[PDB]
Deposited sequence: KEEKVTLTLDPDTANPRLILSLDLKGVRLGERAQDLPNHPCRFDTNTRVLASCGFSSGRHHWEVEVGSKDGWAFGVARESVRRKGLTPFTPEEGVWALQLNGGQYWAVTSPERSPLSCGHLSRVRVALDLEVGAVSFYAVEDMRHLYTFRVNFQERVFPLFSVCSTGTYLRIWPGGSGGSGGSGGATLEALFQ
């Protein structure tokens, strides 16, 4: 079965698509049951399935404008209260913010060298300890985080502004410097 988004993790301001494969930010909080896995402040949602071993691919269709971040998270990522969006919190992600694409390193983010992004392939390797991101149009390498994950790892999605979105699929300006 393909990955879907887990409604029990979803921040109540998010709207998950009917097919549970897309996420955007709504204008009001839904009245959802309190759940210990639910992100109650940060605008995050996990996939239905997490991985403790092996190699795993999925793809992410990304909105053209600011507000999204996605990647993977350790299962122990904190759900309760306002939390930082940083590798220290067990989140390893790409982000579109300020009109720029970033790998969310810390304390400073790392700007990506890439064209406009539309579809990104995520390659999670729990045997080696890495998560890698590729732009599908030309298979350009965007970023690799090397991490000894040491627990179960979940696909992670976040949308903190309206006017953008993320959608999950099965696997399969640099010109300023001219």
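Unmodelled regions of the deposited sequence, numbered from residue 1: 1-4, 177-187.
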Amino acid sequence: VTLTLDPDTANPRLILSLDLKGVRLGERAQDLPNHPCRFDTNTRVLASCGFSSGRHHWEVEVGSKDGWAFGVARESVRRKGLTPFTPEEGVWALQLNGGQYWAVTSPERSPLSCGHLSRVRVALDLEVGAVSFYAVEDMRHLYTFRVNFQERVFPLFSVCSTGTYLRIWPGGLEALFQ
From here on, numbers count along this sequence of modelled residues.
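The stretch with the higher mean CA B factor, choosing between 15-23 and 151-159, is 15-23.
Of the two segments, 25-33 and 131-139, the one listed with the higher mean B-factor is 25-33 (C-alpha atoms only).
Of all the options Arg146, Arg44, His56, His116, the entry's greatest CA B-factor is assigned to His116. Highest C-alpha temperature factor among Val120, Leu126, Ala69, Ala123 per the entry: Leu126.
In the deposited entry, the Cα temperature factor of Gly81 places it in the middle third of its chain's modelled residues. The PDB entry assigns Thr105 a C-alpha temperature factor belonging to the lowest third of its chain's modelled residues.
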